[PDB]
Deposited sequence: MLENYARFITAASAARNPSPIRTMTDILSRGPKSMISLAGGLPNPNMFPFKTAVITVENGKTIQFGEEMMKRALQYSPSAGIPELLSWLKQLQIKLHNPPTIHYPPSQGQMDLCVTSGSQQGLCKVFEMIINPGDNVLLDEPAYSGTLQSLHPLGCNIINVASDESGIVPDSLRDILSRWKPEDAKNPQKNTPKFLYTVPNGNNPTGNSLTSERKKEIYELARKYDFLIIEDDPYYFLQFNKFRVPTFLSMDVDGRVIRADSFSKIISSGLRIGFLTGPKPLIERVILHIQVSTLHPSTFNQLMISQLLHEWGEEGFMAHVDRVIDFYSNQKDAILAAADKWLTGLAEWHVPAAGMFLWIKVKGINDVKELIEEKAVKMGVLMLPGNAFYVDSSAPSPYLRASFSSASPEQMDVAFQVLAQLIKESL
């Protein structure tokens, strides 16, 4: 039941109801034999070709369960246990028993989670600069976003401690005190900053979240792109309270265009999210789930982790290329921290108040496109000296050209 999670949940979310030998005339499935696609053959780099014969193609073209197809869900649960060993797998449902939901990309799960929790006027916690997409999702919900200080190691727990001191810990379960519903964070390779939390910080933030009793929403699309070969423990692995909701993405690792992600957290909150899925998308593409599931079952955890290693090596090499181009052209004209994960470099330009002018007007003129930092803040009209540079795609030639131009422009703009 919802009873320990009710203070977190909206009146509308709580109001949702399920909306999913034997000759049955009771179902509402169309006839699959009418669908025009018949068989599929899918090629896999140095891998086993995936084949959908006639009967698997009928499955793939047909409706399937809201939470995901059972083979994928089971594979992903075992993955989570192997990687995070969450203490909640062993608890009753009311106490936050770990559960998982395949979603249509990890943004879908996150959005349904924000929609589940937020009433207008609710207080929520995040560190700016934050992903512009999360900001635009929170804005129409009408909550006050309360900014927590961050630095090259993510959220500074001293700043969080100081923000929360405006309440008493005893206020949390008092329905008349507007204590924070949650803290939102991207712990690995934050977009735009590139910075990651340390485990020391995570342990410290987790104790605060216990002390003031709010949820941690751990949005982690670069979990599998950490450049340090030992991965940092997640909030999920330390979640003794069942207060963590985790969003994982295949968008950087397997495919972004396939729209397959997954949400993991306390069963009663996952159930709310699934009930919302049941009246919207109904489920993620059955076809794309079968493609991924067949790949992952043939790979095993081991083949999966080898591919992740391969992808990390590529991004590591790209990261070294962009840092060298920056060392070359931008030293003394700008500041940046080495990215700990992900695909972005966050550059603070010296001696210029707002950089938006410099990029939109002048850089474009020169055939170079960087992104200004403005859209990563709650007040995006405030001036910004930062720009986000992507290193996922550019060649070393193109990075060299891009930074000469940026160097030229920094200097000309004084």
Open item on the list: Going by C-alpha coordinates, which parts of the deposited sequence are missing from this model?
Closed with: 21-33
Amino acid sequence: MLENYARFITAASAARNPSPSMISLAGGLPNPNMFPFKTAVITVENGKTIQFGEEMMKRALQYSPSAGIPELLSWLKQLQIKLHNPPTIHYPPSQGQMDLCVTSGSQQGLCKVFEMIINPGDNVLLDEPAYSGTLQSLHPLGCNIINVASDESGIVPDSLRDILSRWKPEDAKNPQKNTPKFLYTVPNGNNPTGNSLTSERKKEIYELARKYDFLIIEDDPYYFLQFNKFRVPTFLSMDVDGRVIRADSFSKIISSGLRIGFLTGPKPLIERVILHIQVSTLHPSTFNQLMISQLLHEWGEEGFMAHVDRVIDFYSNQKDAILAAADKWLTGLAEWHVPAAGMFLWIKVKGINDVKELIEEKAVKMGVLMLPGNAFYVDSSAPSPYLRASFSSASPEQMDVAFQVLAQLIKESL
From here on, numbers count along this sequence of modelled residues.
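Each form is matched to the other, and the largest set of C-alpha atoms that superpose within 1.5 Å is called the rigid core.
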- [ ] Please indicate which stretch deviates more in 6 other deposited structures of this protein: 273-281 or 323-331, judged by C-alpha RMS distance after a core superposition?
- [x] 323-331
Task: Stretch departing more from the displayed form, 172-180 or 137-145, Cα RMS in 6 other deposited structures of this protein (core fit) - done: 172-180
Task: Of 35-43 and 365-373, the one with larger mean CA B-factor - done: 365-373
- [ ] Report the stretch with the higher mean CA temperature factor, choosing between 287-295 and 225-233 on the basis of the entry.
- [x] 225-233
Task: Top residue by Cα temperature factor, when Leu61, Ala67, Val355, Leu345 are compared in the entry - done: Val355
TODO: Among the candidates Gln278, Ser150, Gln80, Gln97, give the one with the maximum CA B-factor reported in the record.
DONE: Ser150
TODO: Quick one: classify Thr331 as lowest, middle or highest third of the chain based on its Cα B-factor.
DONE: highest
Open item on the list: When the deposited Cα B-factors of this chain's modelled residues are ordered and cut into thirds, is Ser13 in the lowest, the middle or the highest one?
Closed with: lowest
TODO: Give the position of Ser249 by CA B-factor within its chain, expressed as the lowest, middle or highest third.
DONE: middle
TODO: Within this chain's modelled residues, let me know which third the CA B factor of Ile260 belongs to: lowest, middle or highest.
DONE: lowest
Task: For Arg166, the third of its chain into which the C-alpha B factor falls - done: highest
